[PDB]
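**Student:** Below is the structure, and that's it, no one-letter string:
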Ligand SMILES: Cc1cc2nc3c(=O)[nH]c(=O)nc-3n(C[C@H](O)[C@H](O)[C@H](O)COP(=O)(O)O)c2cc1C
Ligand code: SF4
Ligand code: SF4
Ligand code: SF4
Ligand code: SF4
Ligand code: FES
Ligand code: FES
Ligand SMILES: [Mg+2]
């Protein structure tokens, strides 16, 4: 049977095992997120989806927390807003100032969610981290100083494409995503890491520098390279 | 503080997939013993023990050794690389015959650990991330090693030398380079963690079996 | 009522300091391996009741009722194996008690593992020992071999019909792998990154099976509680802080040592009695870290009269932690000591969470600037706020434990930070 | 530059409902093709599935 | 009786002491449980 | 502060400052800027077309 939870006081009937993020989606609220993809497994490491429950003293990860009976989810509370601001502060603290030279440009989730859920000023008075750029073939361009270590490409590669050639090497602030060796990530489903990477760490190499998202017009057609008809 | 060791691999003549590495038959017996400590269908749990065994045999971990471990355990080489780069007890670079590791965290820093480090550096004439020209000693700093009450202390190839003074550590280095193996443990007249002034507890002989046992139990 | 002055007849961990034989003959000369068959025949519910009455709390950090934990484990089986994981990755900066227990009381550890496994219905116990403790791990393996040969563990353990295995798994260097879910991930041959709860380890643990992670000291004191009472154990200590404790007194103290004492012994009495007092006398004391690096510091004012106890130290804006008492006398650079602690946490952060990863590196940089005064008085509140942003927003408690020392330093030694900033500004103002 | 002779090239209208859009198109006399809205289907997400004892959902890395 | 350190057996261990002890212990162990498959990739 | 004829500047090295980010094209009220870019022979993000219609520009 369905259990009853509350999002901002509004009743939702959700199946057991539904997460806080999915319940908020059911009432129409999209919780901010970086590491969560609904086609991939649940990581819960970017900590961007933290929300407040009515009586809980601690924020929970909305993407990985199943709802319990009679929970009130405060999606726009002071605790949730401050949690989002802190997480965005850390991300932008180590991110590089590469927006004008970044193909992610006007279609970046770091930019959009920084304009929506983050602070408008920076307190970071230190030096930034610079990361060596890897090479994984002629299709995907890697500029890994922009990586936010969300591990979507690792989960996608492994689970979806059946290729376990991506991972995280090292630990701490110096943790890096790559192959650890000069190996090309060649697969029939390799551009989807370009799609799912929220930032400009993984970008299309044929499309590099040619256009900006606001310029383009979008035509909805189908694919003719095979008989799937994508 | 930057570690100074990169987490990417570049093929070199001394370190490449064609580098000869394979376990000895005794080490294969040890691998077989290790693997059957875990449930069937979970053979990948032996990555850390088998990789440590490979490093124990070969002194360090070449990429060929990592690939051999991955092949034996049928686990992706990227998973083996992840483990090897994550854990700091693995040497992905050739190391000296004696790996001196001076603990420099606060409990050991409050006692004169900098004196120990400076004495080692002057005795060997190397910096704190370098190897001696004869490839005999390597010197690094490490975090807490679990002998805080016996501070300052160093670890030289899984032996703890504790309650050190500059003279004591110089004598230890001299014994190591001469050929003898110094006895591990405190150098300050203590045997273990007991207070130096005198035993403040456990002075009387222990009570026998069933001393204060319950009624029924 | 007063606490302390524990008697050697009532100290649980005899053969501490290694003055006796640690082998099976010596361990059995003391009370170890005595009526273990009777305890196992009493069975799970009796052992859980004894632990609950004894009121034992977790000895490896967060103090949580062990009776309640093992009760969580005591649910009916569902077709999966059951495991007790004994944590011996003593990475906390100030703690050596687990090392002493493994090195000198391995049969006490093994018997505790057997008792806890019987209580929790576990087929196996994996003892996860840190990789630097090589000699300790070897002694543990020798003791386990003796137990297997004597029939105390294995098939029909202690002649009770209960099969129980004890394995020893050596980790590598990872203070984070000291953490329970990181311990589980390390055992499974993974990187050693903490998981999110739920699922709790009692539901999905190592290999996806029900496991209970317990500290070496907890499992080692378990069989003594079972064989003895637990009304006795509850008699030692305060009302909800019962039993004995191993304290590691270290730092700027005359005779640094590991001792066993009652759970509510005052800190000043412990230092003055078992360690010879502060180096320059009690007047020379500056600060004390009472539970290892994770717990905040307290000034001499608090240390004048405070009980080395869970609730007592929580009421002092601190924690008991692992009861690792680091002493700093007046001739020390408190800012530099806390900076070294933050650098420790930066090096040992596993890097999974953005809060801990980025913010702990950031706090390391800010503290490094603080120690030389190359800062402004308005960055103290900024550092407080970023530490508050790290705490409570991380997957595991290393992020919380990297913020508490910073908060304690800011809370009790802000004038020192401001004076250092002023001196640096004066040095630069000259030219 | 890019030239055009089509007045209605940049003309995009926003409607709250398919029925409103269809009524507008019908009264203005244009031909129209309607596409039914595609919504993502509900999905069962479980963090604990990453650590299955016997199922393939167990992930090799985090 | 309380004046001599009796933990002197560890000034003889070599690199393979732990793994050799593990090899020796293999006969006393119990059969391991099986998850029904050879690997999560099977 | 006077706004007269337009110009594209260079770094002291002689390298063009424009990185083809199209922010000017986006913000231009009069739609007087046309920009097209591609990777240069050395991989730089540089423009191949940069037009301004001075009869459309509102200065
Ligand atoms: C040796 C040891 C090291 C630990 N290290 C950490 C650590 O790095 N981070 C952390 O959050 N908890 C750490 N813990 C606490 C564990 O999460 C957990 O509380 C403990 O392993 C088992 O709990 P209990 O013994 O109190 O029942 C450590 C515990 C032990 C015993
Ligand atoms: S990834 Fe996004 S925020 Fe980062 S430089 Fe690129 S556009 Fe800017
Ligand atoms: S490269 Fe992109 S998808 Fe991969 S971890 Fe980094 S930000 Fe995520
Ligand atoms: S808080 Fe830090 S150590 Fe803990 S899981 Fe997150 S990144 Fe790892
Ligand atoms: S595209 Fe326009 S705004 Fe961007 S660098 Fe070039 S001239 Fe400046
Ligand atoms: S979206 Fe939940 S922690 Fe990343
Ligand atoms: S601080 Fe050095 S051994 Fe613990
Ligand atoms: Mg992208």
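**Tutor:** Sure, I can see it. Numbers count the residues shown, from 1 in each chain, chains lettered A, B, ... in the order given. Ligands and ions are numbered 1, 2, ... in the order given.
**Student:** From here on, just use CA atoms for contacts and neighbour counts.
**Tutor:** OK.
**Student:** Next, the residue nearest the centre of chain A: secondary structure please.
**Tutor:** In chain A, the residue lying closest to the centroid (CA atoms, centre = their mean) is residue A:34, at 2.3 Å. For residue A:34, the assignment made with DSSP: H, G, I helix; E, B strand; the rest coil gives coil.
**Student:** list the contacts for it?
**Tutor:** Residue A:34 makes contact with A:46, A:48, A:109, A:150, A:198, according to CA atoms under 8 Å, 6 or more residues apart in numbering or on different chains.
**Student:** Kindly indicate which of the residues you listed lies nearest residue A:28.
**Tutor:** Within the contacts of residue A:34, the smallest distance to residue A:28 is 18.2 Å, found for residue A:48 (CA to CA).
**Student:** burial count for residue 54?
**Tutor:** You didn't pick a chain, so chain A it is. Neighbours of residue A:54 under the rule other CA atoms under 10 Å in any protein chain shown: 16.
**Student:** meant chain F actually
**Tutor:** Residue F:54, neighbours per other CA under 10 Å, totals 12.
**Student:** Please apply the same query to the one 3 residues further on.
**Tutor:** Residues contacting residue F:57 under the criterion other CA under 10 Å number 13.
**Student:** Then residue B:72?
**Tutor:** Residues near residue B:72, counting by other CA under 10 Å, number 14.
**Student:** looking at this, it is in a helix?
**Tutor:** Yes - assignment of residue B:72 by three-state DSSP places it within a helix.
**Student:** so how far is residue B:33 from it?
**Tutor:** Using CA to CA, to the nearest Å, residue B:72 is found at 13 Å from residue B:33.
**Student:** Which strands or helices does the longest helix along chain A pack on?
**Tutor:** Longest helix in chain A by number of residues (criterion: DSSP state H): helix A:78-94. Helix A:78-94 is packed against strand A:50-53, helix A:109-117, helix C:354-372, helix C:379-390, with contacts defined by 3 or more CA pairs under 8 Å, 6 or more residues apart in numbering or on different chains; DSSP states H and E.
**Student:** and the third one, what does it pack onto?
**Tutor:** This means helix C:354-372. helix A:78-94, helix C:334-348, helix C:379-390, helix C:398-412, helix C:414-430.
**Student:** And residue C:83, its phi and psi?
**Tutor:** phi -130, psi 140 (degrees, to the nearest 10).
**Student:** can I assume it is in contact with residue C:126?
**Tutor:** Yes - with contact defined as CA atoms under 8 Å, residue C:83 reaches residue C:126; the gap is 7.3 Å.
**Student:** okay, these two: which has more neighbours?
**Tutor:** residue C:83 (27 against 23).
**Student:** ok, and the closest non-adjacent residue to the residue of chain A found nearest chain C?
**Tutor:** As assessed by CA to the nearest CA, chain C sits closest to residue A:172 within chain A, at 3.9 Å. Excluding its sequence neighbours, the residue lying closest to residue A:172 (CA to CA, 6 or more residues apart in numbering or on different chains) is residue C:351, at 3.9 Å.
**Student:** Look up phi and psi at the one you found.
**Tutor:** phi 80, psi 10.
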